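Notes follow the structure.
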2 protein chains.
Amino acid sequence: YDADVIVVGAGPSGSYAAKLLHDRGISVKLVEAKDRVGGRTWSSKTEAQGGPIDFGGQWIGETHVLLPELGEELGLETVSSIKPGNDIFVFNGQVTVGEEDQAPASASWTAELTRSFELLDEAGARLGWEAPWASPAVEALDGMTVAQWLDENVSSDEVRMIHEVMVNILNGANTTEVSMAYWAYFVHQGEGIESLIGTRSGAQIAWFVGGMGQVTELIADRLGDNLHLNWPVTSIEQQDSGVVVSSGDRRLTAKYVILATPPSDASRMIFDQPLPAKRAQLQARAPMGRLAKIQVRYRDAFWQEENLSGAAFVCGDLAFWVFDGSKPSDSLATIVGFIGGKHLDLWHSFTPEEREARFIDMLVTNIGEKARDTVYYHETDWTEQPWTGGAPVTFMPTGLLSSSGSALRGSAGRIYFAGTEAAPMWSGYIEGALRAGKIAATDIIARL
Amino acid sequence: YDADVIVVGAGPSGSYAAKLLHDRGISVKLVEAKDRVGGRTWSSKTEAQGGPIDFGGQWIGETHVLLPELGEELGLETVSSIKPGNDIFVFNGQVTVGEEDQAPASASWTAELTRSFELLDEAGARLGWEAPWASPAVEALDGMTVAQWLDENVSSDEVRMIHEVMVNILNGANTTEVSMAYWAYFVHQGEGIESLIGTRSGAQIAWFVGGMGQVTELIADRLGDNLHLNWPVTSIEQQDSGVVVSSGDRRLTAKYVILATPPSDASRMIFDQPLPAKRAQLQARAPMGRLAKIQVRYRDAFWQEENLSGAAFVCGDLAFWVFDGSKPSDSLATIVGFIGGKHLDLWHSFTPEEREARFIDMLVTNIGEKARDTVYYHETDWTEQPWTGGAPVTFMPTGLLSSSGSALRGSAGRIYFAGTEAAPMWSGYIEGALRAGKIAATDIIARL
Ligand SMILES: Cc1cc2nc3c(=O)[nH]c(=O)nc-3n(C[C@H](O)[C@H](O)[C@H](O)COP(=O)(O)OP(=O)(O)OC[C@H]3O[C@@H](n4cnc5c(N)ncnc54)[C@H](O)[C@@H]3O)c2cc1C
Ligand SMILES: Cc1cc2nc3c(=O)[nH]c(=O)nc-3n(C[C@H](O)[C@H](O)[C@H](O)COP(=O)(O)OP(=O)(O)OC[C@H]3O[C@@H](n4cnc5c(N)ncnc54)[C@H](O)[C@@H]3O)c2cc1C
């Protein structure tokens, strides 16, 4: 054998699984398709004026345990993402100012928003994170779309617009595309909707100074020539005695394989023998969402003069989730905008010059005319990255979670499923990637 | 350049495009991932006792033009598939005998079945075959499943069960999985439901003696070393003056490429530069169905003694579409059964021996105790074939046809989309594969 274990994919999940194996002195190879590690995490200390920038995922949550622990182990510093001032809600170009991070008690829609979150959380609780595919509630929820559930359960146009931007960003998909069962499950296993839409709480509370890309890069440094970049896995062969992992004519042999890729990217690989039917259907039918991350930098955080946090739920035909991404040690202030799903479909119909003009028009509504005085502007389109299907997460259409969801976790013979989609909680997030890597590495260390 | 054109995929569509280019004197290479040509067509003259057998698609339709013309050009003989006698309808093990190929006027559900076919045909005509993604009716139908359409349009259990077997076989997918827009479009562009479910009419009227695999095999012979087998395309690079098609380290260069694969199988390839957004989303999100084709042979066609055609709609938890697949030149009689979608998910939970036992028990209901005296039994599971996503066809979940469906046809720069899914009519069928290949080859001939 070339190694005891081959890990396929050097995102946070595969990188962490390889780190845990290498730390125990188990022989491991980490193979990665791209010319870099990080997967959906990606940062540069030098490419953007004003300081490090994260092109992919960057927020650390308040309940995350493995991510801050690994940050400490790799010698990274965290900084708070929390901003003072009022968040805003924008509906078709019209601004409602929040009260800190709360919808204003005076708005007609605030009471129904709270009710709509309890309904969504209740649907999630009926499925659970442990075995949603086996829930007596899953058949009915998995035969309908989020759009259909919203038609049945939400009256207020404002409440419906907030739910639409949340799904189009948090799943990168239209409410007409995503199973309500998958959405309800996804939100519950992220500790509920208020957790995932936190602007200063829940999933969004901190950053690593120097960028999130450092997590995988500092692991790659520990692994040395056990990491192979530019090594796209084309086929995986299971034998009685081990596994053969191929990239074209290049072959590596091992006792076990950890597949640390999204199900949709695993579908590109040829398996002999064929994977279990539920897993093969999961890989073919659970696509990635679509998201773009747009970042603008300014000489200073001028919105703080108006007691604006910079955080905004921008709803309508071109919907965004907007944050202040500034670190105290940066040289410039940063606004980060996300656009996904059906809103990104419209964005894709525009020229690059039209997109930048529309983005800056949107910011002028949120933070005023100083938003035109940009020092830097950048878009990362996560539908155009090779061997990454999309962003931020995998989603499922009707019928899949209830028929095939159990194949998100565990193993098939000598192939162990990692990647964030395999995590029992925090699937979709870096914390889930680490949890899924830890489970696969832990189970293989017991088999060795 | 290695050739003017590289054609990717040696199913009927690619094979036919390569043939048309070669016949016009245009230099062409045909590259195929598998160790054989044919794709979803696949036959053997010698592997099965009693005569040639088709593991993949085999029926020729009464309106098909290119397919009978090509068979004639390649020197193949056609024979009628039409069988005399009564078809049957089976509901959870209870037989209703038809009147030839008709539901009996005396059955409580026959009038409702005819009404339901008119409602389905009327939904498809609102979308049309030319540009269903542009129909005013498409967004509403594309946001709901076939199962939800059935809940609104169909009352009787028997009628609902017939529609469920039709979708699970003709799209290889559950009614809760398939967009009603997609299904309605698919059926319309196949000349309507009665055309696609014909047992002795419409899409099912003839066969090629010797097997449908002979079409691609005889084209392969004509192409000689212009065909490369075991040549899975891993990347396609578009340049100013041509394209580079790669299989690992192996490279071919041409002026133009014909992609003659299903969208889902095209998603495996890495494109530099990235395809148009609609096309990239289509390839990622239009999966293939799941189908198995089960064939049993007997000393004679004993069901004819009971004035049974051998054709049956077997409905319920384990649903099949059954035919007499006997040719006069065969030395045994053949029964052919299809199982797909959610019925095939249940079948997959059984062992190979449980499946054979259950299939023979099912045939005993349809044609009596002599069905136990098998001479030959074979299953082709079209979810276990490398570089074919499934069978019989590509399907779409909610949201896709209305957002991205236009990307089924045409071209992106020097890359021309073929494969049956690109056909303006008879998409899903061999006739469609030939039509799409003809359109791609004709447009490239004009460009050169
Ligand atoms: C714009 C954006 C914003 C996000 N925001 C956050 C956030 O703030 N906080 C958070 O926690 N999460 C966030 N996420 C999600 C987070 O990035 C992912 O959950 C996490 O990266 C998943 O890690 P992973 O290792 O499971 O998969 P990935 O990061 O997707 O890594 C998979 C790896 O597998 C490789 N691979 C694929 N196919 C092959 C093959 N055939 N051979 C070999 N290698 C292959 C890929 O190239 C890739 O490197 C965000 C994502 C994006 C893109
Ligand atoms: C069980 C079954 C029953 C059917 N019944 C009928 C019927 O009776 N009549 C009928 O008209 N239709 C029928 N069909 C459908 C019919 O078989 C298909 O419509 C037809 O074969 C489509 O032809 P195609 O060339 O578009 O695609 P395919 O036949 O799918 O061929 C695509 C080819 O591309 C190759 N390929 C994929 N990826 C790559 C890559 N990366 N590099 C290189 N090559 C690649 C594949 O290996 C394959 O050979 C049936 C299908 C099945 C499976």
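Chain lettering (A, B, ...) mirrors the order of the structure tokens, residue numbering begins at 1 for each chain separately, and ligand numbering begins at 1 in order of display.
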Show which residues sit within 8 Å of residue 1 (chain B), as an mmCIF file with C-alpha atoms, in the first residue's frame. Count only C-alpha atoms, and ignore same-chain residues fewer than 6 positions away.
```cif
data_model
loop_
_atom_site.group_PDB
_atom_site.id
_atom_site.type_symbol
_atom_site.label_atom_id
_atom_site.label_comp_id
_atom_site.auth_asym_id
_atom_site.auth_seq_id
_atom_site.Cartn_x
_atom_site.Cartn_y
_atom_site.Cartn_z
ATOM 1 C CA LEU B 252 -7.153 15.707 -29.090
ATOM 2 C CA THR B 253 -7.530 19.161 -30.778
ATOM 3 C CA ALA B 254 -10.262 20.160 -33.236
ATOM 4 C CA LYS B 255 -12.132 23.215 -34.503
#
```
Sorted by chain and rising residue number, list the residues of chain A at most 12 Å from ligand 2 (counting only C-alpha atoms and all ligand atoms), each with its closest atom pair and distance in Å to one decimal, as CSV.
```
residue,atom,partner,partner_atom_place_in_ligand_line,distance
A:234,CA,ligand 2,41 (N),10.4
A:268,CA,ligand 2,41 (N),9.2
A:269,CA,ligand 2,41 (N),10.6
A:270,CA,ligand 2,41 (N),10.5
```
Ligand 1: which residues are within 7 Å, counting only C-alpha atoms and all ligand atoms, as a ChimeraX atom specification?
-> /A:8-14,31-34,37-41,55-60,204,231-234,260-262,265-266,268-269,291-293,382,387-388,391-393,418-421,427-433
Dump as a tab-separated table (two decimals), in the first residue's frame, selection limited to C-alpha atoms:
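The result, written out as selection_30.tsv:
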```tsv
chain	number	residue	atom	x	y	z
A	8	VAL	CA	-10.06	12.76	-1.21
A	9	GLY	CA	-10.61	16.53	-1.01
A	10	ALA	CA	-8.57	19.13	0.89
A	11	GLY	CA	-11.42	21.32	2.05
A	12	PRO	CA	-11.67	21.73	5.85
A	13	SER	CA	-13.23	18.24	6.19
A	14	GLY	CA	-10.53	16.22	4.35
A	31	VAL	CA	-5.43	14.28	-2.76
A	32	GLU	CA	-7.02	17.48	-4.08
A	33	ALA	CA	-8.29	18.32	-7.62
A	34	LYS	CA	-7.53	22.09	-7.48
A	37	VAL	CA	-6.35	23.60	-0.60
A	38	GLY	CA	-9.40	25.06	1.11
A	39	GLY	CA	-12.34	24.07	-1.16
A	40	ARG	CA	-15.24	26.46	-0.34
A	41	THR	CA	-12.82	28.24	2.03
A	55	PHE	CA	-13.28	34.68	-1.17
A	56	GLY	CA	-15.09	31.72	0.47
A	57	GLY	CA	-16.54	31.03	3.88
A	58	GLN	CA	-15.28	33.09	6.81
A	59	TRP	CA	-17.66	33.31	9.81
A	60	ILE	CA	-17.26	31.28	13.04
A	204	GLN	CA	-22.04	34.84	12.58
A	231	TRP	CA	-4.84	15.35	-8.43
A	232	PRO	CA	-8.51	15.07	-9.48
A	233	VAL	CA	-9.85	11.63	-8.47
A	234	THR	CA	-11.44	9.96	-11.52
A	260	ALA	CA	-14.35	14.51	1.81
A	261	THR	CA	-16.29	16.10	-1.05
A	262	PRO	CA	-19.91	17.14	-1.52
A	265	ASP	CA	-18.68	16.26	-6.66
A	266	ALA	CA	-18.42	12.56	-5.60
A	268	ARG	CA	-18.03	12.75	-10.99
A	269	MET	CA	-15.88	9.85	-9.71
A	291	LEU	CA	-23.90	32.00	-4.66
A	292	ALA	CA	-21.68	34.96	-5.33
A	293	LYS	CA	-19.73	36.89	-2.67
A	382	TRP	CA	-18.98	30.19	-6.75
A	387	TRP	CA	-14.47	20.77	-9.06
A	388	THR	CA	-16.81	22.81	-6.78
A	391	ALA	CA	-22.17	27.33	-2.81
A	392	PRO	CA	-22.70	27.75	-0.02
A	393	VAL	CA	-24.14	24.25	0.50
A	418	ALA	CA	-16.94	12.89	5.21
A	419	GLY	CA	-17.53	16.44	3.94
A	420	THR	CA	-19.83	18.81	5.79
A	421	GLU	CA	-23.00	17.08	4.40
A	427	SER	CA	-23.91	20.36	7.96
A	428	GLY	CA	-23.27	23.16	5.43
A	429	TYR	CA	-20.78	24.94	7.69
A	430	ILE	CA	-17.01	24.63	8.39
A	431	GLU	CA	-17.91	23.25	11.84
A	432	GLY	CA	-19.79	20.40	10.07
A	433	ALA	CA	-16.83	19.74	7.78
```
Starting from chain A, keep only residues with some atom at most 6 Å from an atom of chain B, counting only C-alpha atoms, and report them as a list in words.
-> residues 143, 176, 177, 248, 268, 398 and 399 of chain A
Skip residue 110 (chain B) itself and residues of its chain fewer than 6 positions away, then list as a PDB file with N, CA and C atoms, in the first residue's frame all residues within 10 Å of it, counting only C-alpha atoms.
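part00.pdb written:
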```pdb
ATOM      1  N   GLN B 102     -57.042  -1.876 -25.171  1.00  0.00           N
ATOM      2  CA  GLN B 102     -57.922  -0.844 -24.555  1.00  0.00           C
ATOM      3  C   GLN B 102     -58.309  -1.271 -23.137  1.00  0.00           C
ATOM      4  N   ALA B 103     -58.412  -0.301 -22.226  1.00  0.00           N
ATOM      5  CA  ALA B 103     -59.082  -0.470 -20.922  1.00  0.00           C
ATOM      6  C   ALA B 103     -60.527  -0.847 -21.239  1.00  0.00           C
ATOM      7  N   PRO B 104     -61.108  -1.843 -20.560  1.00  0.00           N
ATOM      8  CA  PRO B 104     -62.456  -2.307 -20.873  1.00  0.00           C
ATOM      9  C   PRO B 104     -63.501  -1.252 -20.515  1.00  0.00           C
ATOM     10  N   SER B 116     -58.266  11.792 -17.928  1.00  0.00           N
ATOM     11  CA  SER B 116     -56.944  12.169 -17.343  1.00  0.00           C
ATOM     12  C   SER B 116     -55.904  12.340 -18.451  1.00  0.00           C
ATOM     13  N   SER B 156     -59.693   8.569  -9.132  1.00  0.00           N
ATOM     14  CA  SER B 156     -59.708   7.119  -8.823  1.00  0.00           C
ATOM     15  C   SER B 156     -58.301   6.583  -8.534  1.00  0.00           C
ATOM     16  N   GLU B 158     -57.170   3.666  -9.361  1.00  0.00           N
ATOM     17  CA  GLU B 158     -56.633   2.909 -10.509  1.00  0.00           C
ATOM     18  C   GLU B 158     -55.978   3.906 -11.459  1.00  0.00           C
ATOM     19  N   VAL B 159     -56.691   4.977 -11.776  1.00  0.00           N
ATOM     20  CA  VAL B 159     -56.124   5.998 -12.692  1.00  0.00           C
ATOM     21  C   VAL B 159     -54.822   6.556 -12.107  1.00  0.00           C
TER      22      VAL B 159
END
```
State, in Å with one decimal place, the distance from CA of residue 122 (chain B) to CA of residue 205 (chain B).
->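 Answer for the CA of residue 122 (chain B) to CA of residue 205 (chain B) separation: 24.9 Å.
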Find the residues near residue 19 (chain B): any atom within 9 Å, counting only C-alpha atoms, skip ones fewer than 3 places away on the same chain, and give them as number ranges by chain.
-> B: 14-16, 22-24, 28, 219-220, 222-223
Export N, CA, C and O atoms of the chosen residues as a short mmCIF file (atom, residue, chain, number, x, y, z; two decimals), in the first residue's frame?
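Written file, result_28.cif:
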```cif
data_model
loop_
_atom_site.label_atom_id
_atom_site.label_comp_id
_atom_site.auth_asym_id
_atom_site.auth_seq_id
_atom_site.Cartn_x
_atom_site.Cartn_y
_atom_site.Cartn_z
N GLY B 14 -24.12 10.66 -30.89
CA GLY B 14 -22.74 10.88 -31.30
C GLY B 14 -22.38 10.06 -32.51
O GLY B 14 -21.60 10.57 -33.35
N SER B 15 -22.75 8.79 -32.49
CA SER B 15 -22.40 7.90 -33.61
C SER B 15 -22.98 8.51 -34.88
O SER B 15 -22.31 8.50 -35.96
N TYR B 16 -24.22 8.95 -34.86
CA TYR B 16 -24.88 9.47 -36.06
C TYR B 16 -24.22 10.78 -36.48
O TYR B 16 -23.95 10.98 -37.67
N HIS B 22 -18.40 12.33 -41.34
CA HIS B 22 -17.47 11.46 -42.09
C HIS B 22 -17.97 11.32 -43.54
O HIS B 22 -17.15 11.36 -44.50
N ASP B 23 -19.27 11.17 -43.73
CA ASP B 23 -19.87 10.94 -45.07
C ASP B 23 -19.73 12.19 -45.95
O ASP B 23 -19.79 12.07 -47.22
N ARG B 24 -19.59 13.35 -45.34
CA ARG B 24 -19.41 14.65 -46.03
C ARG B 24 -17.91 14.96 -46.17
O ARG B 24 -17.58 16.06 -46.65
N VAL B 28 -13.20 13.75 -38.47
CA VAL B 28 -13.93 13.63 -37.17
C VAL B 28 -13.29 12.54 -36.34
O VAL B 28 -12.93 11.46 -36.87
N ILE B 219 -21.81 1.66 -37.33
CA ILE B 219 -21.18 2.99 -37.54
C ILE B 219 -19.74 2.92 -37.06
O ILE B 219 -18.86 3.42 -37.76
N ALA B 220 -19.48 2.27 -35.94
CA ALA B 220 -18.13 2.12 -35.39
C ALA B 220 -17.27 1.44 -36.47
O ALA B 220 -16.15 1.85 -36.65
N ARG B 222 -17.55 1.44 -39.68
CA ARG B 222 -17.29 2.42 -40.76
C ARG B 222 -16.25 3.45 -40.32
O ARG B 222 -15.45 3.93 -41.15
N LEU B 223 -16.27 3.88 -39.06
CA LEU B 223 -15.35 4.93 -38.59
C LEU B 223 -13.93 4.40 -38.37
O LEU B 223 -13.01 5.19 -38.30
#
```
Taking into account only C-alpha atoms, which residue in the set B:188, B:130, B:330, B:89 is nearest to residue 46 (chain B)?
-> B:330
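DSSP, applied to the backbone of this structure, assigns strand (DSSP E or B) to the following residues of region 320-382 of chain B: residues 320, 321, 322, 323, 324, 333, 334, 335, 336, 337, 338, 339, 340, 376, 377, 378, 379, 380 and 381 of chain B.
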Name the residues in contact with residue 62 (chain B) at a cut-off of 12 Å, using only C-alpha atoms, excluding same-chain residues fewer than 2 positions from it; report them as a PyMOL selection string.
-> chain B and resi 59-60+64-68+80-82+190-191+195-196+198-207+431
Write out, as a PDB file, in the first residue's frame, the residues just selected, with N, CA and C atoms.
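Written file, again.pdb:
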```pdb
ATOM      1  N   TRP B  59     -37.226  -0.390 -28.957  1.00  0.00           N
ATOM      2  CA  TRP B  59     -38.423  -0.154 -29.779  1.00  0.00           C
ATOM      3  C   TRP B  59     -38.237   1.059 -30.683  1.00  0.00           C
ATOM      4  N   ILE B  60     -38.769   0.912 -31.891  1.00  0.00           N
ATOM      5  CA  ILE B  60     -38.926   1.929 -32.961  1.00  0.00           C
ATOM      6  C   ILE B  60     -40.396   2.319 -33.014  1.00  0.00           C
ATOM      7  N   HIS B  64     -41.347   7.592 -36.267  1.00  0.00           N
ATOM      8  CA  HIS B  64     -39.900   7.851 -36.310  1.00  0.00           C
ATOM      9  C   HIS B  64     -39.416   7.764 -37.765  1.00  0.00           C
ATOM     10  N   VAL B  65     -38.626   8.721 -38.189  1.00  0.00           N
ATOM     11  CA  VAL B  65     -38.146   8.825 -39.602  1.00  0.00           C
ATOM     12  C   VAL B  65     -36.652   8.521 -39.709  1.00  0.00           C
ATOM     13  N   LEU B  66     -35.825   9.199 -38.916  1.00  0.00           N
ATOM     14  CA  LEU B  66     -34.363   9.041 -39.041  1.00  0.00           C
ATOM     15  C   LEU B  66     -33.948   7.612 -38.664  1.00  0.00           C
ATOM     16  N   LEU B  67     -34.577   7.021 -37.665  1.00  0.00           N
ATOM     17  CA  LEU B  67     -34.117   5.728 -37.139  1.00  0.00           C
ATOM     18  C   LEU B  67     -34.405   4.631 -38.167  1.00  0.00           C
ATOM     19  N   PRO B  68     -35.629   4.499 -38.739  1.00  0.00           N
ATOM     20  CA  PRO B  68     -35.811   3.476 -39.761  1.00  0.00           C
ATOM     21  C   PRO B  68     -34.949   3.770 -40.994  1.00  0.00           C
ATOM     22  N   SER B  80     -42.186  -6.279 -36.937  1.00  0.00           N
ATOM     23  CA  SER B  80     -43.239  -5.682 -36.112  1.00  0.00           C
ATOM     24  C   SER B  80     -43.141  -6.236 -34.700  1.00  0.00           C
ATOM     25  N   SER B  81     -43.367  -5.363 -33.713  1.00  0.00           N
ATOM     26  CA  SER B  81     -43.529  -5.735 -32.286  1.00  0.00           C
ATOM     27  C   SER B  81     -44.982  -6.004 -31.914  1.00  0.00           C
ATOM     28  N   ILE B  82     -45.914  -5.836 -32.863  1.00  0.00           N
ATOM     29  CA  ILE B  82     -47.363  -5.894 -32.544  1.00  0.00           C
ATOM     30  C   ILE B  82     -47.759  -7.331 -32.214  1.00  0.00           C
ATOM     31  N   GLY B 190     -43.256  13.956 -27.197  1.00  0.00           N
ATOM     32  CA  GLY B 190     -43.335  12.556 -27.668  1.00  0.00           C
ATOM     33  C   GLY B 190     -44.634  12.252 -28.398  1.00  0.00           C
ATOM     34  N   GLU B 191     -45.388  13.302 -28.773  1.00  0.00           N
ATOM     35  CA  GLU B 191     -46.657  13.236 -29.557  1.00  0.00           C
ATOM     36  C   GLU B 191     -47.810  12.769 -28.666  1.00  0.00           C
ATOM     37  N   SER B 195     -49.394   8.030 -27.524  1.00  0.00           N
ATOM     38  CA  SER B 195     -48.176   7.708 -28.300  1.00  0.00           C
ATOM     39  C   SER B 195     -47.149   7.014 -27.404  1.00  0.00           C
ATOM     40  N   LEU B 196     -46.838   7.562 -26.237  1.00  0.00           N
ATOM     41  CA  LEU B 196     -45.735   6.982 -25.440  1.00  0.00           C
ATOM     42  C   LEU B 196     -46.143   5.696 -24.730  1.00  0.00           C
ATOM     43  N   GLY B 198     -48.297   3.383 -25.955  1.00  0.00           N
ATOM     44  CA  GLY B 198     -48.761   2.367 -26.920  1.00  0.00           C
ATOM     45  C   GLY B 198     -48.116   1.012 -26.631  1.00  0.00           C
ATOM     46  N   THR B 199     -48.875  -0.075 -26.660  1.00  0.00           N
ATOM     47  CA  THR B 199     -48.294  -1.439 -26.547  1.00  0.00           C
ATOM     48  C   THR B 199     -48.141  -2.041 -27.939  1.00  0.00           C
ATOM     49  N   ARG B 200     -48.883  -1.533 -28.933  1.00  0.00           N
ATOM     50  CA  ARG B 200     -48.886  -2.060 -30.320  1.00  0.00           C
ATOM     51  C   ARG B 200     -49.137  -0.880 -31.271  1.00  0.00           C
ATOM     52  N   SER B 201     -48.756   0.322 -30.850  1.00  0.00           N
ATOM     53  CA  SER B 201     -48.971   1.568 -31.622  1.00  0.00           C
ATOM     54  C   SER B 201     -48.017   2.636 -31.055  1.00  0.00           C
ATOM     55  N   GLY B 202     -47.958   3.783 -31.704  1.00  0.00           N
ATOM     56  CA  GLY B 202     -47.195   4.946 -31.217  1.00  0.00           C
ATOM     57  C   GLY B 202     -45.738   4.583 -31.123  1.00  0.00           C
ATOM     58  N   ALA B 203     -45.124   4.794 -29.973  1.00  0.00           N
ATOM     59  CA  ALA B 203     -43.662   4.712 -29.861  1.00  0.00           C
ATOM     60  C   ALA B 203     -43.241   3.237 -29.915  1.00  0.00           C
ATOM     61  N   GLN B 204     -44.142   2.285 -29.730  1.00  0.00           N
ATOM     62  CA  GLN B 204     -43.736   0.856 -29.581  1.00  0.00           C
ATOM     63  C   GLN B 204     -44.304   0.046 -30.758  1.00  0.00           C
ATOM     64  N   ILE B 205     -43.683   0.051 -31.947  1.00  0.00           N
ATOM     65  CA  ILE B 205     -44.288  -0.771 -33.048  1.00  0.00           C
ATOM     66  C   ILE B 205     -43.289  -1.682 -33.762  1.00  0.00           C
ATOM     67  N   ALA B 206     -41.980  -1.524 -33.596  1.00  0.00           N
ATOM     68  CA  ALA B 206     -41.045  -2.351 -34.372  1.00  0.00           C
ATOM     69  C   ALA B 206     -39.720  -2.487 -33.672  1.00  0.00           C
ATOM     70  N   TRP B 207     -38.945  -3.465 -34.135  1.00  0.00           N
ATOM     71  CA  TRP B 207     -37.594  -3.769 -33.629  1.00  0.00           C
ATOM     72  C   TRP B 207     -36.648  -3.996 -34.797  1.00  0.00           C
ATOM     73  N   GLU B 431     -34.842   8.159 -31.679  1.00  0.00           N
ATOM     74  CA  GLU B 431     -35.163   9.118 -32.749  1.00  0.00           C
ATOM     75  C   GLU B 431     -34.647  10.515 -32.390  1.00  0.00           C
TER      76      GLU B 431
END
```
Neighbour list for residue 74 (chain B) as a VMD selection string, cut-off 9 Å, only C-alpha atoms, skip fewer than 4 positions in-chain | chain B and resid 69 to 70 214 to 215 218 to 219
Using C-alpha atoms, can you write the selected residues to a file as a PDB file, in the first residue's frame?
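After the write, selection.pdb holds the following:
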```pdb
ATOM      1  CA  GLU B  69     -33.918   5.365 -42.551  1.00  0.00           C
ATOM      2  CA  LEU B  70     -30.577   4.725 -40.793  1.00  0.00           C
ATOM      3  CA  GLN B 214     -26.022  -2.955 -34.326  1.00  0.00           C
ATOM      4  CA  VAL B 215     -26.755   0.709 -35.254  1.00  0.00           C
ATOM      5  CA  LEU B 218     -21.979  -0.785 -37.682  1.00  0.00           C
ATOM      6  CA  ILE B 219     -21.180   2.988 -37.545  1.00  0.00           C
TER       7      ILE B 219
END
```
Which distance in Å separates CA of residue 180 (chain B) and CA of residue 171 (chain A), to one decimal?
-> 22.9 Å
List every residue of region 27-249 of chain B that DSSP, applied to the backbone of this structure, places in alpha helix (DSSP H), and write the result as a PyMOL selection string.
-> chain B and resi 66-74+110-127+138-142+146-153+157-170+180-188+193-196+213-223
Pick out the closest residue to residue 118 (chain A) from this set: A:314, A:412, A:193, A:90. Count only C-alpha atoms.
->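 Among A:314, A:412, A:193, A:90, it is A:193 that comes nearest to residue 118 (chain A).
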Taking into account only C-alpha atoms, which residue in the set A:416, A:229, A:108, A:86 is nearest to residue 447 (chain A)?
-> A:416
Rounded to one decimal place, report the CA of residue 154 (chain B)-CA of residue 99 (chain B) distance in Å.
->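 Interatomic distance here is 23.1 Å.
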